[PDB]
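A.B. asks: Chains as they are written, first to last, in the deposited numbering: chain m4, 2 to 138; chain q0, 77 to 128; chain p0, 3 to 107, 184 to 198, 274 to 296; chain n0, 1 to 172; chain l9, 1 to 191. We put the beta carbon where it would ideally sit given N, CA and C, even for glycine. Mind having a look at this structure? Questions to follow.
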RNA sequence: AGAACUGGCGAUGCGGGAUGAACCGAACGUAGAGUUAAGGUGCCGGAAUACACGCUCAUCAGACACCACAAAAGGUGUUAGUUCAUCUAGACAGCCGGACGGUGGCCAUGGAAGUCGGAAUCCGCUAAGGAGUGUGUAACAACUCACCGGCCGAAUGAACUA
RNA sequence: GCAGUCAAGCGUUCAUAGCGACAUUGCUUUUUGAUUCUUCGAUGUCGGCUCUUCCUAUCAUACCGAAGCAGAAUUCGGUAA
Ligand SMILES: [Zn+2]
């Protein structure tokens with residue numbers, strides 16, 4: 002090296018346009034966006050698309066996601082909805098592992114007894130062709 | 077012996093101090109409070125006494 | 003007291019902006035307390051020089067943007083360490099008493191004001282050559 | 001003293017044949033329920049005017065719902081409170097989305113910082129500071145800056161189960 | 001009151017390199033390299049360019065914010081030591097018994113030896129620290145001079161010498177003897 | 001030690017206060033099922049290592065009524081607050097420029113020009129510059145400072161309350 | 001019995017180096033009072049001798065800070081049983 006190498010933590014910022022995942026409550030599970038910062042432990046959020054009511058909420062019951070998108074600070078519900086659509090948030094969200102795994106673990110949870118059986122017979126069938134591969138190179 | 081300027085050097089260290097009048101702690105000459113936990117960080121200081 | 007004195011500065015400032023119709027905005031960056039004391043004597047004829055704090059002058063000038071309002075486009079020039087020289091004498095005479103005289107190793187003119195106008274003091278430094286040839290290259294343009 | 005509601009409380013002296021139509025007096029009252037709101041009303045009327053509920057009545061009780069409940073506003077709050085050794089006036093500011101919310105953290109804050117319980121506190125005035133830079137306390141101007149953003153370092157997810165087969169990370 | 005954000009700036013001058021990982025700092029310059037472990041403070045470094053690095057403390061209160069500034073100076077002092085470098089000058093002070101001062105060593109230790117302090121038949125030894133070099137002024141009587149890249153290590157070695165000569169059981173206003181710091185600065189850009 | 005009204009203990013188990021005549025809760029046939037009181041819910045120990053906003057770091061922290069004590073007096077620890085004053089006519093702080101003329105002011109003397117020292121503190125020109133804050137000279141010089149301005153851009157000083 | 005706060009005063013000069021009046025806050029339970037709760041079908045009643053152990057409000061001994069510490073001597077204080 003001959004540069005000054007300084008690796009700074011790349012934190013999710015609480016900021017207007019930060020999209021967040023609601024951990025707790027009656028809108029738990031859903032995404033919303035940060036509209037306005039109230040104080041160091043509180044924010045105003047809005048999730049028109051995902052069906053979550055514009056409210057003040059503790060940053061405790063929400064997890065910041067890596068998603069941000071252009072949003073004027075204070076935007077009423079209506080325009081939030083327009084900017085969220087414009088930015089294709091849900092699109093980007095669904096493309097993440099974070100989204101996929103939640104969906105996977107919900108699919109697993111939905112399985113019938115019978116379906117688990119099949120998963121067993123299929124997973125078993127797969128193992129066979131794998132250990133063969135495993136014993137070649 | 078000892079030139080006036082070296083006699084000043086030794087005085088910056090030995091002679092130019094204040095003293096806590098509660099616990100005798102030897103403090104910087106312009107200190108407002110004492111640094112010691114034991115006398116309750118008092119602001120009752122006094123200058124270290126000069127020689128003849 | 004502190005308000006009293008500042009208000010006085012607003013007074014004598016206005017006093018020059020009405021009487022004197024022409025203004026020299028100079029810049030005395032560095033410059034001794036002695037030099038300025040001598041520019042006074044060397045201008046005791048007509049011009050008077052008036053120094054002040056920039057924050058005062060803009061506020062004062064803006065405060066007088068009612069009557070005598072064309073001192074608005076004077077404000078972009080009252081930055082840095084500038085001063086004022088008001089006068090009722092011919093242009094190019096005073097300017098060269100200021101600049102060249104009492105120079106050291184003086185003070186520089188940064189802009190000039192004349193009846194609502196803003197001279198760079275460069276256009277003032279005319280040689281009557283660019284004004285004669287323009288009256289010469291146009292007569293031949295008509296012949 | 002709970003989850004607060006604001007009340008319009010209005011009463012009057014009982015009519016006398018000498019004074020039918022005595023004047024109506026109103027208060028804005030933060031309390032948990034109407035039964036406290038009414039009682040706080042008389043508490044003050046006793047002290048301000050010279051009246052006892054035994055001779056006056058309660059004309060109307062109405063809840064003042066916050067006008068713009070999802071719009072963040074800066075609140076100026078004025079308070080009179082008693083201490084272990086004196087009684088004092090105070091100005092404070094609170095940033096929130098409703099008066100009712102503002103009052104709640106005021107009542108909490110008085111208790112944490114000054115050990116002042118509900119009984120020991122009069123609320124004098126609560127007023128949404130209209131023009132920013134009429135805000136006068138640093139801990140709120142701090143949040144008034146433009147394009148304002150901050151991280152939340154050292155994040156501690158709560159574990160659902162007692163044992164964990166991986167060392168946790170605080171990485172947010 | 002807890003401060004939403006507060007920061008400091010470190011000018012990285014022409015010729016030095018500063019690299020930071022896990023709050024461990026390495027500063028490399030024409031005089032050499034210095035390392036420092038700042039794990040004991042929660043600060044997050046961020047680089048703007050090879051000339052400037054910003055230190056910050058998000059959401060911190062008074063005593064936390066106070067450490068921020070001292071991190072700057074800490075790192076600052078490293079940078080200058082590795083370019084300008086540091087030098088502490090001292091002076092021998094005695095009224096009768098001339099303090100005789102030499103360098104001796106065992107197993108390649110290097111000590112500062114001090115004899116005849118106030119007539120003392122005893123012999124004091126200050127271990128010389130790794131990275132500080134002891135010279136003796138040639139144009140100034142009874143001086144002695146300690147130079148290195150680290151103020152920390154140089155100033156401390158200077159104090160160790162000065163502290164070994166502390167005069168016991170006498171009025172120390174009258175018995176002014178000792179070795180005291182006479183000047184402190186650099187080894188570059190004048191003296 | 002001695003009275004007043006009431007409630008207790010004595011004569012009374014039970015739940016709580018670790019413990020305990022008198023406190024809190026509640027008074028008692030033999031049992032089942034539910035719900036509670038006072039008090040509790042990290043583990044001992046039945047019951048949220050619950051939710052929420054702050055405060056606190058104690059090389060003698062603190063932790064619950066009766067109750068198993070603490071004071072006059074102090075702190076530039078940290079938190080919130082009050083008051084007077086300064087400041088968008090630009091302060092505070094930081095960096096930078098200027099810091100002048102009568103005049104080496106009068107005495108005093110080897111020599112003393114702002115700065116060993118006596119008495120005076122005046123004027124000019126000022127945006128400002130003391131008949132002088134220091135450093136330095138034999139005495140001048142040179143440098144510094146009060147004072148003013150350049151840049152910056154919203155807070156700053158002092159005394160207090162708990 | 002022991003320790004504080006205030007500072008008039010002492011200390012050639014100087015309140016606080018060392019002290020400290022008038023007043024005033026406390027601590028202790030080796031004094032002595034006060035009380036009468038336990039023991040009057042009995043807890044051997046003083047001092048010394050002997051031996052162990054504890055308290056620290058420290059006399060000595062270790063290392064310090066302070067002085068009206070020049071040295072020698074002393075005094076004030078800290079960590080210290
Ligand atoms: Zn002390």
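I'd like to know if residue 91 (chain q0) contacts chain l9, where contact means its C-beta is closer than 8 Å to some C-beta of that chain.
C.D. replies: Mapped onto the second chain, residue 91 (chain q0) falls at position 15. Yes - at least one Cβ of chain l9 is within 8 Å of the one on residue 91 (chain q0).
A.B. asks: Compute the distance between the beta-carbons of residue 174 (chain n0) and residue 83 (chain n0), then report whether it is under 8 Å.
C.D. replies: With chain n0 covering 1 to 172 only, the question about residue 174 (chain n0) has no answer from this structure.
A.B. asks: I'd like to know whether the C-beta of residue 45 (chain l9) is nearer than 8 Å to at least one C-beta of chain m4.
C.D. replies: Position 45 of the fifth chain, counted from the start, is the residue given in the question as residue 45 (chain l9). It does: the Cβ of residue 45 (chain l9) has a partner Cβ on chain m4 nearer than 8 Å.
A.B. asks: Relative to the C-alpha of residue 50 (chain m4), which residue among 62 (chain m4), 73 (chain m4), 32 (chain m4) and 27 (chain m4) is closest?
C.D. replies: Position 49 of the first chain, counted from the first residue, corresponds to residue 50 (chain m4). The option with the nearest alpha carbon to residue 50 (chain m4) is 32 (chain m4).
A.B. asks: Which residues are close to ligand 1, meaning CB closer than 6 Å to any heavy atom, in chain order?
C.D. replies: Those residues are 96 (chain q0), 98 (chain q0), 99 (chain q0), 101 (chain q0), 110 (chain q0), 112 (chain q0), 115 (chain q0) and 118 (chain q0), given in chain order.
A.B. asks: How big is the Cα-Cα spacing for residue 31 (chain l9) and residue 8 (chain p0)?
C.D. replies: Stepping through the fifth chain from its first residue, residue 31 (chain l9) is reached at position 31. Stepping through the third chain from its first residue, residue 8 (chain p0) is reached at position 6. Distance between the alpha carbons of residue 31 (chain l9) and residue 8 (chain p0) is about 56 Å.
A.B. asks: Are residue 129 (chain l9) and residue 107 (chain l9) closer than 8 Å when you measure CB to CB?
C.D. replies: To locate residue 129 (chain l9), count along the fifth chain from 1; it is residue 129. To locate residue 107 (chain l9), count along the fifth chain from 1; it is residue 107. Contact: no.
A.B. asks: What does DSSP give as the partner residues of residue 115 (chain l9) in its beta bridges?
C.D. replies: Taking the fifth chain and counting its residues from 1, one reaches residue 115 (chain l9) at position 115. Its beta-bridge partners are 100 (chain l9) and 123 (chain l9).
A.B. asks: Can you tell me where the beta strand (DSSP E) holding residue 117 (chain m4) begins and where it ends?
C.D. replies: As a working note, residue 117 (chain m4) is residue 116 in the first chain. Note, residue 117 (chain m4): premise wrong, no beta strand (DSSP E); alpha helix (DSSP H) at 114 to 135.
A.B. asks: Should residue 1 (chain l9) be flagged as near chain n0, meaning a C-beta pair shorter than 8 Å?
C.D. replies: Within the fifth chain, residue 1 (chain l9) is the residue found at index 1, counting from 1. Cβ-Cβ to chain n0 under 8 Å: yes for residue 1 (chain l9).
A.B. asks: Using 8 Å for Cβ pairs, my map puts residue 34 (chain m4) next to residue 63 (chain m4). What's the rounded Cβ distance?
C.D. replies: Sequence index remark: in the first chain, residue 34 (chain m4) carries index 33 (1-based). Sequence index remark: in the first chain, residue 63 (chain m4) carries index 62 (1-based). That pair is no contact at about 11 Å.
A.B. asks: Where does residue 17 (chain p0) sit, in a helix, a strand or coil, going by DSSP?
C.D. replies: Here residue 17 (chain p0) corresponds to residue number 15 of the third chain, with the count starting at 1. Residue state, collapsed to three classes: helix.
A.B. asks: List the whole-angstrom C-beta distance separating residue 185 (chain p0) from residue 27 (chain p0), where the pair is believed to meet the contact cut-off of C-beta under 8 Å.
C.D. replies: The residue you call residue 185 (chain p0) lines up with position 107 of the third chain. The residue you call residue 27 (chain p0) lines up with position 25 of the third chain. Actually they do not touch by this definition, with Cβ atoms about 11 Å apart.
A.B. asks: Under 8 Å by Cβ, that's how I've got residue 64 (chain n0) and residue 28 (chain n0) pegged, so tell me the actual separation to the nearest angstrom.
C.D. replies: The sequence position of residue 64 (chain n0) within the fourth chain is 64, counting from 1. The sequence position of residue 28 (chain n0) within the fourth chain is 28, counting from 1. Contact flag correct, Cβ pair sits at about 7 Å.
A.B. asks: Would residue 62 (chain p0) be called buried (16 or more neighbouring beta carbons within 10 Å of its own) or exposed?
C.D. replies: Here residue 62 (chain p0) is taken as the residue at index 60 of the third chain, counted from 1. So residue 62 (chain p0) ends up on the buried side.
A.B. asks: Are the stretch 44 to 54 of chain n0 and the stretch 103 to 111 of chain n0 in contact at 8 Å, needing three or more beta carbon pairs?
C.D. replies: Too few Cβ pairs lie closer than 8 Å, so no.
A.B. asks: Is it buried or exposed for residue 1 (chain l9), if we count other Cβ within 10 angstroms and need 16 for buried?
C.D. replies: Locating residue 1 (chain l9) in the fifth chain gives position 1, counting from the first residue. When all chains shown are included, residue 1 (chain l9) counts as exposed.
A.B. asks: Find the residues of chain q0 that neighbour residue 161 (chain l9), judging by a C-beta separation of less than 9 Å, and give them in chain order.
C.D. replies: Within the fifth chain, residue 161 (chain l9) is the residue found at index 161, counting from 1. Near residue 161 (chain l9) there are no residues of chain q0 at all, since even the closest Cβ is about 13 Å away, more than 9 Å.
A.B. asks: Any beta carbon of chain l9 sitting closer than 8 Å to that of residue 101 (chain q0)?
C.D. replies: For the purposes of this step, residue 101 (chain q0) is taken as the residue at position 25 of the second chain. No - not a single Cβ of chain l9 is within 8 Å of the one on residue 101 (chain q0).
A.B. asks: Establish whether the CB of residue 9 (chain l9) and some CB of chain n0 are separated by less than 8 Å.
C.D. replies: In the fifth chain, counting from the first residue as 1, residue 9 (chain l9) sits at position 9. No, its Cβ sits nowhere closer than 8 Å to a Cβ of chain n0.
A.B. asks: Label residue 149 (chain l9) either buried or exposed according to how many other C-beta atoms from any shown protein chain fall within 10 Å of its C-beta, with 16 as the threshold for buried.
C.D. replies: Position 149 of the fifth chain, counted from the first residue, corresponds to residue 149 (chain l9). Buried, because 16 or more other Cβ atoms sit within 10 Å of the Cβ of residue 149 (chain l9).
A.B. asks: What residue range does the beta strand (DSSP E) around residue 183 (chain l9) cover?
C.D. replies: Along the fifth chain, one-based indexing puts residue 183 (chain l9) at 183. That run of the beta strand (DSSP E) goes 178 to 185.
A.B. asks: Applying the criterion that 16 or more other CB atoms from any shown protein chain within 10 Å of the CB defines a buried residue, is residue 77 (chain q0) buried or exposed?
C.D. replies: The count along the second chain starts at 1 and reaches residue 77 (chain q0) at position 1. So residue 77 (chain q0) counts as exposed.
A.B. asks: Against chain m4, with Cβ distances strictly below 8 Å, would residue 4 (chain l9) count as a contact?
C.D. replies: The residue labelled residue 4 (chain l9) in the question sits at position 4 within the fifth chain. Taking Cβ atoms only, chain m4 reaches closer than 8 Å to residue 4 (chain l9), which makes this a yes.
A.B. asks: Tell me the start and end of each unbroken beta strand (DSSP E) in the stretch 80 to 118 of chain n0 that is at least 3 residues and wholly inside, in chain order.
C.D. replies: Listed in chain order, they are 87 to 96.
A.B. asks: With a floor of 3 residues, list each beta strand (DSSP E) that falls wholly inside the stretch 10 to 58 of chain p0, ordered by position along the chain.
C.D. replies: Complete beta strand (DSSP E) runs here, min 3: 24 to 29 and 50 to 52.
A.B. asks: To the nearest whole angstrom, what separates the beta carbons of residue 68 (chain m4) and residue 36 (chain m4), a pair I think is in contact under 8 Å?
C.D. replies: The residue given as residue 68 (chain m4) occupies position 67 in the first chain. The residue given as residue 36 (chain m4) occupies position 35 in the first chain. At roughly 15 Å, the Cβ-Cβ gap does not stay under 8 Å, so residue 68 (chain m4) and residue 36 (chain m4) are not in contact.
A.B. asks: With a threshold of 16 other CB atoms inside 10 Å of the CB of residue 274 (chain p0), please say whether the residue is buried or exposed.
C.D. replies: The residue given as residue 274 (chain p0) occupies position 121 in the third chain. Buried.
A.B. asks: Using Cβ-Cβ distances below 9 Å, what residues of the stretch 108 to 126 of chain l9 are close to chain q0?
C.D. replies: So nothing in the stretch comes that close.
A.B. asks: Helix, strand or coil for residue 96 (chain q0) per DSSP?
C.D. replies: By one-based count along the second chain, residue 96 (chain q0) stands at place 20. The answer is strand: DSSP assigns residue 96 (chain q0) an E or B state.
A.B. asks: Kindly list the residues whose CB is nearer than 7 Å to the CB of residue 45 (chain l9), restricted to its own chain and excluding five residues on each side of it in sequence; keep chain order.
C.D. replies: Here residue 45 (chain l9) corresponds to residue number 45 of the fifth chain, with the count starting at 1. Result list for residue 45 (chain l9): 20, 53 and 55, in chain order.
A.B. asks: Per DSSP, what kind of secondary structure is residue 160 (chain l9) in: helix, strand or coil?
C.D. replies: Numbered from 1 along the fifth chain, position 160 holds the residue referred to as residue 160 (chain l9). Three-state DSSP puts residue 160 (chain l9) in a helix.
A.B. asks: If you draw a straight line from the C-alpha of residue 8 (chain m4) to the C-alpha of residue 94 (chain m4), how long is it?
C.D. replies: Counting from one through the first chain, the residue named residue 8 (chain m4) turns up at place 7. Counting from one through the first chain, the residue named residue 94 (chain m4) turns up at place 93. Answer to the nearest angstrom: the Cα atoms are 27 Å apart.
A.B. asks: Alpha carbon to alpha carbon, how far is residue 6 (chain m4) from residue 26 (chain l9)? Give it in angstroms, no decimals.
C.D. replies: Within the fifth chain, residue 26 (chain l9) is the residue found at index 26, counting from 1. Within the first chain, residue 6 (chain m4) is the residue found at index 5, counting from 1. Whole-angstrom Cα-Cα distance: 10 Å.
A.B. asks: When you compare only the Cα positions, how much space is there between residue 110 (chain m4) and residue 4 (chain l9)?
C.D. replies: As a working note, residue 110 (chain m4) is residue 109 in the first chain. As a working note, residue 4 (chain l9) is residue 4 in the fifth chain. Spanning the two alpha carbons is a distance of roughly 42 Å.
A.B. asks: What does DSSP give as the partner residue(s) for residue 78 (chain n0) in the beta ladder?
C.D. replies: The residue labelled residue 78 (chain n0) in the question sits at position 78 within the fourth chain. Beta-bridge pairing links residue 78 (chain n0) to 91 (chain n0) and 125 (chain n0).
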